[PDB]
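Working notes for the structure below.
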Amino acid sequence: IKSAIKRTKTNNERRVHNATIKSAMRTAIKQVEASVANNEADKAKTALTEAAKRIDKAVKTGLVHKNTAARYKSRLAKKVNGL
Amino acid sequence: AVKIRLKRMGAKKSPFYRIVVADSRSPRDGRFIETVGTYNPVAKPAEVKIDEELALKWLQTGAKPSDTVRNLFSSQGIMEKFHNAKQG
Amino acid sequence: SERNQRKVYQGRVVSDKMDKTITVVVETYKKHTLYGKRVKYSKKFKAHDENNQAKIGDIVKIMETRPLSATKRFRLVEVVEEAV
Amino acid sequence: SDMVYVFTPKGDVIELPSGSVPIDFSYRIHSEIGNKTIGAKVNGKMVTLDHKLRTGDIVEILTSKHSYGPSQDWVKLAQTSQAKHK
Amino acid sequence: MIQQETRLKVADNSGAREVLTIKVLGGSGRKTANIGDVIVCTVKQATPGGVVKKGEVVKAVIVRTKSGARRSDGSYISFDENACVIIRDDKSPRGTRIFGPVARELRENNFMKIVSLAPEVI
RNA sequence: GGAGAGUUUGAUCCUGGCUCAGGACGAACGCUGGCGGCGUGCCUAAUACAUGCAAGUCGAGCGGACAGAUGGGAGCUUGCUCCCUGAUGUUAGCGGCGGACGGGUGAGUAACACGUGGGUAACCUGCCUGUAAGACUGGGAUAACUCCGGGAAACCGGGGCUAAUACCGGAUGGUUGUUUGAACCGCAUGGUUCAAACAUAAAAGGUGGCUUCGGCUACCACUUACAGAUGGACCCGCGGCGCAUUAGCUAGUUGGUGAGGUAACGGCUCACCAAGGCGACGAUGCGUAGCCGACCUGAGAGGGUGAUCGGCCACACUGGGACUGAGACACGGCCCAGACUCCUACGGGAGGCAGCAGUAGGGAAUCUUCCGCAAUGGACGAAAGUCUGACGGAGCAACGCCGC
RNA sequence: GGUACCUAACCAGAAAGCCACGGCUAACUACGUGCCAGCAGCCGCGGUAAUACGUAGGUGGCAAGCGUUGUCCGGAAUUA
RNA sequence: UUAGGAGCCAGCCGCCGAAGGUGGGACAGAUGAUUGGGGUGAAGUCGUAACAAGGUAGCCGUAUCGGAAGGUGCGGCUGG
């Protein structure tokens, strides 16, 4: 309205791109947790590195804000410790 | 953001100024932390009075003033004493 | 380089039915800002009992911390004196 | 000279007695103009209803369509008595 | 197909909520009224904020009904609530808005201010 | 640093009422009114708003357009027409940061909102310094641009072209997490420090000079880490109201365990299990109202008020959600409904003055639709600069104080 | 904003009012008036000599203001 | 390496979820014919109940009757 139309034209374009980082981060965690219902540790090890690949790059991009991601790390990490 | 700066006081026509360490987010008459002495523009002579020592402790923490405030410190050598500390 | 000491009291326990926690009555008392006489109030809190060594009418100290649950903002220090 | 010669939004000379507010400007044209008047504009700016017109002015009227109506405040906002008898 | 002694959902914010009929203004005795006919009505309920309030003999126009409307195409319009829009005893309404759809068989007569205020002239 | 006076009565003293002299107004009205400084100036309607302005900034982030003529050359009418990219100039869009502050209003809110003192081992902090390190190697787009299509418009859709300090991979990293050791200490959770192992986690160039044409250099920006500076969030004692003709009130209520969730502690959310918690020191409820330094008054103790100026919270037509961003649930941002206004070719859309003014309307009653970024301030930028209804001043009314 | 300001030139020339006047409370007479018209914060004033009404003169009050009005405090030790 | 997987989105689905609708209670205010007392006003009518031993000593509490103040019953009180 006061020439801040340029914000909404970018805010929606960022809203698509940010959620693709966010939703793929969610699928990485469940696939690790899929290997918790599954009785596989070696599959969980390579998935933990696959999950933390997205997690560590997530705070590098935008709002995931590491103090969450530390809880995202260790909660996955004790399950591999549980196996 | 932390700008040591002036602060507008006094009557309508003849202003008065106080040199103030504060945050720029607070308004022109906004709040602050601790002040240094004075400024007088309406005197055709002198009487710009500075504490001359307390701001150097703040400059070692880092607080960038505007140049209209800063050249009063040059007139009393606060910055050049501080630049010696930066050369120290 | 000691950190700042927290809030602390001693007092007296009404009930024990709360799981691993109690209430403790503090009986400090003050004057009124208009007249001068000094009357007593009732100040009770919620305090953590990690050992469940509590009694009805127990003299005990309390120690605040980060809030452990809803309205629970204390833990014990020492069971000072017991009931009969 | 006891009358104001004001102008309508066409530009016709509107002969009204002197001391008129723009509420008095309405009833020379039509009475329902006064029934539907909200505000007024003289020469670019809006003018208040507290304004009294002068001889030789173009007066534009902020007129509602058929929505709005008068109050008790307007009964002494009629300076000229013949318009005040209206 | 609205008779005597039917109850109608009112389609404007002119004050009323539910309206009952008296007589269809046809001839000596007309039984029904599909669309566009003019009823003399009364007001069984009103909004608390009301220009027209409880118990007022009103004259109104049917807009939308559970009746057919045989166009010459063969298309039959049929809504799912009987209704009125209260008018000021003329070819003109007295409300501000008109809630919901309005049947296109009001343009056969000149009720065009209801047409111009309609949100979806179906 | 504490004046009293008239009145019950035929007359007196008490008793007890009201009355009166005083002091302030954000005050209004009546009558009059010469001027100058300094200061205030919608309390009712947080009711609705015509019109203009109130937040943009970087060509030194970047592609292209856009002019340009330093010269070069062309066709001739000597009047021109050009084709190359001069200096340099313009910035729709792109991208970076700001828009969360500055500014207003006083509606809800009787509670950790505020006032005061605290605590955090239970937290966060882009833009600030200072230190520690750095800044490797690639990739795929896409706007603008055009070319069509659909639309009354609002605008929207499709096909190619293209950039970057945009975006996305690979390396290396003292973040963090895991695993296993140590050391020390606190206030239980524990905390702090050190080692090893594993796991990933980056970055960017731009500006000007110097160049061996390989590059180098300062400067700006960049990634990461440490502190300090900086504000913010959460918790806690203690304070400032009216009614008992409001005495019973609450089931996520109150507890535990685990789980999820939040920057963070938590019934904050959910499962389970338990039945507690709140209360005559007045809960719950209801009417009422923003709080505070302070203002006025009193001799003081107190009482009243919470306007302007300064602190903080809350709200942005009414209500609810949410994104990007260090920071909002965003005063001049989006999405949804509710009322209302405006436009429409009826299919559709756009709008939010309790920003400055001004108007309507309300009311006893409150002001100028000015000029200026010169000073102070912010915003961005390397700076000039740009942008500023913050502010600077001018204008109105004896509104008040002082001065003539 | 040639605004403040200062310099020189000019004229008594531009310019005062409202309120009170029995007692509280400083200040009074004359006409009008006759429970009527009207005052009033308090006690209360007028059915023919109204210092209390209205007017005039004259005082007094304060001053670019004065009264009335609604507020809040005080006097009110009358929530002590 | 002529494409599959990963991931992503359109779409639909579920819980939550504001406004809307429905329903019986709470309290707040206007209004309601008529009535019930309560004061408040010019020599209205009816009685005399009080205050004197008030012409029957009054007075509180209860009961009861009458135009109405009141009347007496019973107990209590000196302010008989």
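Please note that chains go A, B, ... in the order of the structure tokens, that every chain numbers its residues from 1, and that ligands are numbered from 1 in the order shown.
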
- Mind checking which residues fall within 10 Å of residue C:40, counting only C-alpha atoms (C1' of nucleotides), ignoring those fewer than 3 positions away in the same chain, and posting them as a PyMOL selection string? (chain C and resi 27-31+43) or (chain F and resi 281)

Write out the residues from the selection above, keeping N, CA, C and O atoms (P, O5', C5', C4', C3', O3' and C1' of nucleotides), as a PDB file, in the first residue's frame.
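Result written to selection_33.pdb:
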ATOM      1  N   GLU C  27       5.125 -17.265  58.624  1.00  0.00           N
ATOM      2  CA  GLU C  27       4.432 -16.434  59.597  1.00  0.00           C
ATOM      3  C   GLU C  27       5.200 -15.156  59.916  1.00  0.00           C
ATOM      4  O   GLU C  27       5.286 -14.741  61.072  1.00  0.00           O
ATOM      5  N   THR C  28       5.770 -14.510  58.905  1.00  0.00           N
ATOM      6  CA  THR C  28       6.311 -13.178  59.128  1.00  0.00           C
ATOM      7  C   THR C  28       5.166 -12.186  59.235  1.00  0.00           C
ATOM      8  O   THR C  28       4.113 -12.358  58.618  1.00  0.00           O
ATOM      9  N   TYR C  29       5.368 -11.135  60.022  1.00  0.00           N
ATOM     10  CA  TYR C  29       4.251 -10.241  60.275  1.00  0.00           C
ATOM     11  C   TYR C  29       4.713  -8.822  60.566  1.00  0.00           C
ATOM     12  O   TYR C  29       5.752  -8.602  61.190  1.00  0.00           O
ATOM     13  N   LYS C  30       3.895  -7.875  60.114  1.00  0.00           N
ATOM     14  CA  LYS C  30       4.277  -6.494  59.872  1.00  0.00           C
ATOM     15  C   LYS C  30       3.190  -5.565  60.383  1.00  0.00           C
ATOM     16  O   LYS C  30       2.086  -5.991  60.725  1.00  0.00           O
ATOM     17  N   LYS C  31       3.509  -4.278  60.415  1.00  0.00           N
ATOM     18  CA  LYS C  31       2.574  -3.244  60.829  1.00  0.00           C
ATOM     19  C   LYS C  31       1.739  -2.778  59.640  1.00  0.00           C
ATOM     20  O   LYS C  31       1.992  -3.139  58.491  1.00  0.00           O
ATOM     21  N   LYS C  43       0.840 -16.930  54.818  1.00  0.00           N
ATOM     22  CA  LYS C  43       1.611 -16.971  53.582  1.00  0.00           C
ATOM     23  C   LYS C  43       1.989 -18.422  53.356  1.00  0.00           C
ATOM     24  O   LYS C  43       2.818 -18.965  54.093  1.00  0.00           O
TER      25      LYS C  43
ATOM     26  P     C F 281      -9.981 -13.270  59.323  1.00  0.00           P
ATOM     27  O5'   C F 281      -9.184 -12.899  58.000  1.00  0.00           O
ATOM     28  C5'   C F 281      -9.247 -11.596  57.434  1.00  0.00           C
ATOM     29  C4'   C F 281      -8.031 -11.301  56.585  1.00  0.00           C
ATOM     30  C3'   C F 281      -7.919 -12.104  55.294  1.00  0.00           C
ATOM     31  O3'   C F 281      -7.338 -11.303  54.271  1.00  0.00           O
ATOM     32  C1'   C F 281      -6.044 -12.555  56.676  1.00  0.00           C
TER      33        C F 281
END

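The residue set within 10 Å of stretch 34-50 of chain H, counting only C-alpha atoms (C1' of nucleotides) and dropping same-chain residues fewer than 2 places from it, reads residues 32, 54, 58, 67, 68, 69 and 70 of chain H.
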
Selection to disk with N, CA, C and O atoms (P, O5', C5', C4', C3', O3' and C1' of nucleotides), as a PDB file, in the first residue's frame:
ATOM      1  P     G H  32     -45.307   3.735  31.558  1.00  0.00           P
ATOM      2  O5'   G H  32     -46.257   2.501  31.886  1.00  0.00           O
ATOM      3  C5'   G H  32     -47.068   1.916  30.880  1.00  0.00           C
ATOM      4  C4'   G H  32     -47.703   0.644  31.370  1.00  0.00           C
ATOM      5  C3'   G H  32     -48.104   0.639  32.830  1.00  0.00           C
ATOM      6  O3'   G H  32     -49.336   1.291  33.065  1.00  0.00           O
ATOM      7  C1'   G H  32     -46.924  -1.336  32.355  1.00  0.00           C
ATOM      8  P     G H  54     -52.414  14.207  83.455  1.00  0.00           P
ATOM      9  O5'   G H  54     -52.716  15.551  82.663  1.00  0.00           O
ATOM     10  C5'   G H  54     -53.992  16.168  82.760  1.00  0.00           C
ATOM     11  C4'   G H  54     -54.587  16.511  81.415  1.00  0.00           C
ATOM     12  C3'   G H  54     -54.467  15.451  80.328  1.00  0.00           C
ATOM     13  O3'   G H  54     -55.650  15.497  79.546  1.00  0.00           O
ATOM     14  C1'   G H  54     -53.550  17.472  79.553  1.00  0.00           C
ATOM     15  P     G H  58     -52.732   9.312  80.405  1.00  0.00           P
ATOM     16  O5'   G H  58     -51.368   8.715  79.853  1.00  0.00           O
ATOM     17  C5'   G H  58     -50.839   9.149  78.613  1.00  0.00           C
ATOM     18  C4'   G H  58     -49.399   9.564  78.750  1.00  0.00           C
ATOM     19  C3'   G H  58     -48.380   8.703  78.023  1.00  0.00           C
ATOM     20  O3'   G H  58     -48.261   9.031  76.650  1.00  0.00           O
ATOM     21  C1'   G H  58     -47.665   9.061  80.237  1.00  0.00           C
ATOM     22  P     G H  67     -65.736   1.975  62.075  1.00  0.00           P
ATOM     23  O5'   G H  67     -65.347   3.519  61.923  1.00  0.00           O
ATOM     24  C5'   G H  67     -63.985   3.927  61.859  1.00  0.00           C
ATOM     25  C4'   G H  67     -63.744   5.056  60.902  1.00  0.00           C
ATOM     26  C3'   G H  67     -62.332   5.610  60.921  1.00  0.00           C
ATOM     27  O3'   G H  67     -61.441   4.841  60.134  1.00  0.00           O
ATOM     28  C1'   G H  67     -63.901   7.383  60.951  1.00  0.00           C
ATOM     29  P     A H  68     -60.242   4.024  60.823  1.00  0.00           P
ATOM     30  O5'   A H  68     -59.295   5.162  61.400  1.00  0.00           O
ATOM     31  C5'   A H  68     -58.335   5.783  60.569  1.00  0.00           C
ATOM     32  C4'   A H  68     -57.784   7.025  61.207  1.00  0.00           C
ATOM     33  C3'   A H  68     -57.174   6.848  62.583  1.00  0.00           C
ATOM     34  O3'   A H  68     -55.843   6.376  62.534  1.00  0.00           O
ATOM     35  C1'   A H  68     -58.616   8.713  62.593  1.00  0.00           C
ATOM     36  P     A H  69     -55.201   5.634  63.802  1.00  0.00           P
ATOM     37  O5'   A H  69     -54.809   6.814  64.795  1.00  0.00           O
ATOM     38  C5'   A H  69     -53.531   7.424  64.735  1.00  0.00           C
ATOM     39  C4'   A H  69     -53.564   8.835  65.261  1.00  0.00           C
ATOM     40  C3'   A H  69     -53.367   9.014  66.758  1.00  0.00           C
ATOM     41  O3'   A H  69     -51.998   8.981  67.131  1.00  0.00           O
ATOM     42  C1'   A H  69     -55.220  10.287  66.051  1.00  0.00           C
ATOM     43  P     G H  70     -51.534   8.766  68.658  1.00  0.00           P
ATOM     44  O5'   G H  70     -52.883   8.675  69.488  1.00  0.00           O
ATOM     45  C5'   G H  70     -53.148   7.584  70.348  1.00  0.00           C
ATOM     46  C4'   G H  70     -54.614   7.258  70.337  1.00  0.00           C
ATOM     47  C3'   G H  70     -55.088   6.242  71.355  1.00  0.00           C
ATOM     48  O3'   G H  70     -55.310   6.819  72.623  1.00  0.00           O
ATOM     49  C1'   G H  70     -55.970   5.698  69.247  1.00  0.00           C
TER      50        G H  70
END

- Message: I'd like the contact shell of residue A:59 - 12 Å cut-off, only C-alpha atoms (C1' of nucleotides), skipping same-chain residues fewer than 3 positions apart - returned as a PyMOL selection string.
- Response: (chain A and resi 18+21-22+25+52-56+62-70+72) or (chain F and resi 175-176+201-202)

Closest atom pairs, residues of chain F within 10 Å of chain A, only C-alpha atoms (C1' of nucleotides), as a Markdown table:
| residue | atom | partner | partner_atom | distance |
| --- | --- | --- | --- | --- |
| F:55 | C1' | A:2 | CA | 7.8 |
| F:56 | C1' | A:3 | CA | 8.7 |
| F:93 | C1' | A:6 | CA | 9.7 |
| F:99 | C1' | A:4 | CA | 8.4 |
| F:167 | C1' | A:17 | CA | 9.7 |
| F:175 | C1' | A:66 | CA | 9.6 |
| F:176 | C1' | A:70 | CA | 6.7 |
| F:177 | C1' | A:73 | CA | 5.6 |
| F:178 | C1' | A:77 | CA | 6.2 |
| F:179 | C1' | A:81 | CA | 8.9 |
| F:199 | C1' | A:49 | CA | 6.4 |
| F:200 | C1' | A:53 | CA | 5.9 |
| F:201 | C1' | A:56 | CA | 5.5 |
| F:202 | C1' | A:60 | CA | 7.8 |
| F:262 | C1' | A:68 | CA | 8.8 |
| F:263 | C1' | A:67 | CA | 6.7 |
| F:264 | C1' | A:67 | CA | 9.3 |
| F:323 | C1' | A:15 | CA | 6.8 |
| F:324 | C1' | A:11 | CA | 5.5 |
| F:325 | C1' | A:63 | CA | 9.0 |
| F:332 | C1' | A:2 | CA | 7.4 |
| F:333 | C1' | A:8 | CA | 7.4 |
| F:334 | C1' | A:8 | CA | 6.6 |

- Query: So, counting only C-alpha atoms (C1' of nucleotides), which residue among B:50, B:56, B:13, B:71 is closest to chain G?
  - Reply: B:13

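For the pair atom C1' of residue G:77 and atom CA of residue C:33, the interatomic distance is 21.6 Å.
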
- Query: Excluding same-chain residues fewer than 5 positions from residue C:65, what lies within 10 Å of it counting only C-alpha atoms (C1' of nucleotides), as a ChimeraX atom specification?
  - Reply: /C:6-8,72-75 /F:119-122,187-189,235-236,265

- From a DSSP calculation on the backbone, collect every residue of chain B in alpha helix (DSSP H) and output the set as a PyMOL selection string. chain B and resi 54-61+67-76+78-86

Go ahead and save the residues from that selection, with N, CA, C and O atoms, as an mmCIF file, in the first residue's frame.
data_model
loop_
_atom_site.group_PDB
_atom_site.id
_atom_site.type_symbol
_atom_site.label_atom_id
_atom_site.label_comp_id
_atom_site.auth_asym_id
_atom_site.auth_seq_id
_atom_site.Cartn_x
_atom_site.Cartn_y
_atom_site.Cartn_z
ATOM 1 N N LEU B 54 34.147 10.045 31.374
ATOM 2 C CA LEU B 54 33.236 8.929 31.576
ATOM 3 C C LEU B 54 32.859 8.272 30.256
ATOM 4 O O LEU B 54 32.632 7.059 30.207
ATOM 5 N N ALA B 55 32.784 9.059 29.182
ATOM 6 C CA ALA B 55 32.426 8.514 27.879
ATOM 7 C C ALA B 55 33.517 7.626 27.303
ATOM 8 O O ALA B 55 33.214 6.760 26.476
ATOM 9 N N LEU B 56 34.770 7.823 27.724
ATOM 10 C CA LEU B 56 35.874 7.006 27.226
ATOM 11 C C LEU B 56 35.734 5.561 27.680
ATOM 12 O O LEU B 56 36.136 4.637 26.964
ATOM 13 N N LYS B 57 35.181 5.353 28.877
ATOM 14 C CA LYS B 57 34.828 4.008 29.314
ATOM 15 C C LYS B 57 33.752 3.416 28.416
ATOM 16 O O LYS B 57 33.782 2.223 28.096
ATOM 17 N N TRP B 58 32.801 4.243 27.988
ATOM 18 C CA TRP B 58 31.776 3.770 27.073
ATOM 19 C C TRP B 58 32.318 3.579 25.666
ATOM 20 O O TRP B 58 31.847 2.696 24.940
ATOM 21 N N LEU B 59 33.297 4.388 25.263
ATOM 22 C CA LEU B 59 33.889 4.206 23.944
ATOM 23 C C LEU B 59 34.749 2.954 23.884
ATOM 24 O O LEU B 59 34.901 2.362 22.811
ATOM 25 N N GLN B 60 35.307 2.525 25.018
ATOM 26 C CA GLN B 60 36.002 1.244 25.036
ATOM 27 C C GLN B 60 35.024 0.082 24.948
ATOM 28 O O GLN B 60 35.382 -0.989 24.447
ATOM 29 N N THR B 61 33.792 0.272 25.418
ATOM 30 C CA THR B 61 32.754 -0.714 25.149
ATOM 31 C C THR B 61 32.230 -0.581 23.729
ATOM 32 O O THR B 61 31.790 -1.572 23.136
ATOM 33 N N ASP B 67 28.526 12.968 14.381
ATOM 34 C CA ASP B 67 29.696 13.828 14.214
ATOM 35 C C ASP B 67 29.487 15.196 14.852
ATOM 36 O O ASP B 67 30.442 15.799 15.356
ATOM 37 N N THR B 68 28.248 15.694 14.844
ATOM 38 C CA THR B 68 27.931 16.950 15.514
ATOM 39 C C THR B 68 28.107 16.851 17.019
ATOM 40 O O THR B 68 28.388 17.862 17.670
ATOM 41 N N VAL B 69 27.940 15.659 17.581
ATOM 42 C CA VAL B 69 28.294 15.434 18.972
ATOM 43 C C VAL B 69 29.787 15.162 19.098
ATOM 44 O O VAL B 69 30.427 15.593 20.065
ATOM 45 N N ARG B 70 30.369 14.496 18.096
ATOM 46 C CA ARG B 70 31.726 13.972 18.222
ATOM 47 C C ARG B 70 32.769 15.084 18.206
ATOM 48 O O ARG B 70 33.794 14.984 18.890
ATOM 49 N N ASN B 71 32.541 16.144 17.429
ATOM 50 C CA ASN B 71 33.565 17.177 17.318
ATOM 51 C C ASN B 71 33.669 18.045 18.566
ATOM 52 O O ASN B 71 34.642 18.794 18.704
ATOM 53 N N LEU B 72 32.694 17.965 19.471
ATOM 54 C CA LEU B 72 32.876 18.541 20.795
ATOM 55 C C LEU B 72 33.912 17.763 21.594
ATOM 56 O O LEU B 72 34.650 18.351 22.392
ATOM 57 N N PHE B 73 33.984 16.446 21.386
ATOM 58 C CA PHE B 73 35.001 15.644 22.055
ATOM 59 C C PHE B 73 36.379 15.910 21.468
ATOM 60 O O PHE B 73 37.391 15.806 22.171
ATOM 61 N N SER B 74 36.434 16.241 20.175
ATOM 62 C CA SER B 74 37.693 16.639 19.560
ATOM 63 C C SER B 74 38.170 17.976 20.098
ATOM 64 O O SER B 74 39.381 18.204 20.210
ATOM 65 N N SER B 75 37.235 18.867 20.437
ATOM 66 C CA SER B 75 37.601 20.168 20.982
ATOM 67 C C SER B 75 38.166 20.049 22.389
ATOM 68 O O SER B 75 38.863 20.956 22.854
ATOM 69 N N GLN B 76 37.881 18.947 23.078
ATOM 70 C CA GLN B 76 38.461 18.691 24.385
ATOM 71 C C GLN B 76 39.359 17.463 24.407
ATOM 72 O O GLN B 76 39.850 17.094 25.478
ATOM 73 N N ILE B 78 38.873 14.153 23.914
ATOM 74 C CA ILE B 78 38.446 12.847 24.409
ATOM 75 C C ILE B 78 38.812 11.763 23.406
ATOM 76 O O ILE B 78 39.396 10.731 23.761
ATOM 77 N N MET B 79 38.487 11.999 22.133
ATOM 78 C CA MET B 79 38.732 11.013 21.088
ATOM 79 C C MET B 79 40.220 10.787 20.858
ATOM 80 O O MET B 79 40.638 9.659 20.576
ATOM 81 N N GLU B 80 41.036 11.835 20.993
ATOM 82 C CA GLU B 80 42.467 11.688 20.748
ATOM 83 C C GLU B 80 43.148 10.991 21.912
ATOM 84 O O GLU B 80 44.123 10.257 21.720
ATOM 85 N N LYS B 81 42.638 11.199 23.126
ATOM 86 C CA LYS B 81 43.038 10.352 24.239
ATOM 87 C C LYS B 81 42.557 8.924 24.024
ATOM 88 O O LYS B 81 43.257 7.963 24.361
ATOM 89 N N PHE B 82 41.365 8.770 23.440
ATOM 90 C CA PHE B 82 40.849 7.441 23.136
ATOM 91 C C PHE B 82 41.606 6.802 21.980
ATOM 92 O O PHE B 82 41.813 5.583 21.967
ATOM 93 N N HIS B 83 42.019 7.604 20.996
ATOM 94 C CA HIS B 83 42.787 7.064 19.881
ATOM 95 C C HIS B 83 44.183 6.656 20.326
ATOM 96 O O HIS B 83 44.773 5.738 19.748
ATOM 97 N N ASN B 84 44.718 7.325 21.350
ATOM 98 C CA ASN B 84 45.948 6.861 21.982
ATOM 99 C C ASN B 84 45.730 5.527 22.681
ATOM 100 O O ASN B 84 46.614 4.663 22.679
ATOM 101 N N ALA B 85 44.554 5.344 23.290
ATOM 102 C CA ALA B 85 44.220 4.054 23.880
ATOM 103 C C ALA B 85 44.003 2.996 22.810
ATOM 104 O O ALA B 85 44.276 1.814 23.042
ATOM 105 N N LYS B 86 43.516 3.399 21.636
ATOM 106 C CA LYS B 86 43.437 2.464 20.522
ATOM 107 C C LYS B 86 44.807 2.212 19.913
ATOM 108 O O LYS B 86 45.043 1.139 19.348
#

- From F:317, F:203, F:38, F:49, residue lying nearest chain D [only C-alpha atoms (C1' of nucleotides)]: F:49

- Message: Could you list, as a PyMOL selection string, every residue within 10 Å of residue C:80, counting only C-alpha atoms (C1' of nucleotides) and ignoring same-chain residues fewer than 5 positions away?
- Response: chain C and resi 10-12+58-61

- as a count of residues only, which residues of stretch 1-87 of chain B does DSSP assign to strand (DSSP E)? 16

- Task: Do a neighbour search on residue F:375 at 10 Å with only C-alpha atoms (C1' of nucleotides), toss out local chain neighbours closer than 6 positions, and write the hits as JSON, numbers by chain.
- Result: {"B": [15, 41], "F": [392]}

- Compile the contact shell of residue E:57 as a PyMOL selection string: residues with an atom at most 8 Å away, counting only C-alpha atoms (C1' of nucleotides), same-chain residues fewer than 3 positions apart removed. chain E and resi 40-43

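Distances to chain F were evaluated for D:77, D:47, D:42, D:4 using only C-alpha atoms (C1' of nucleotides), and the minimum falls at D:47.
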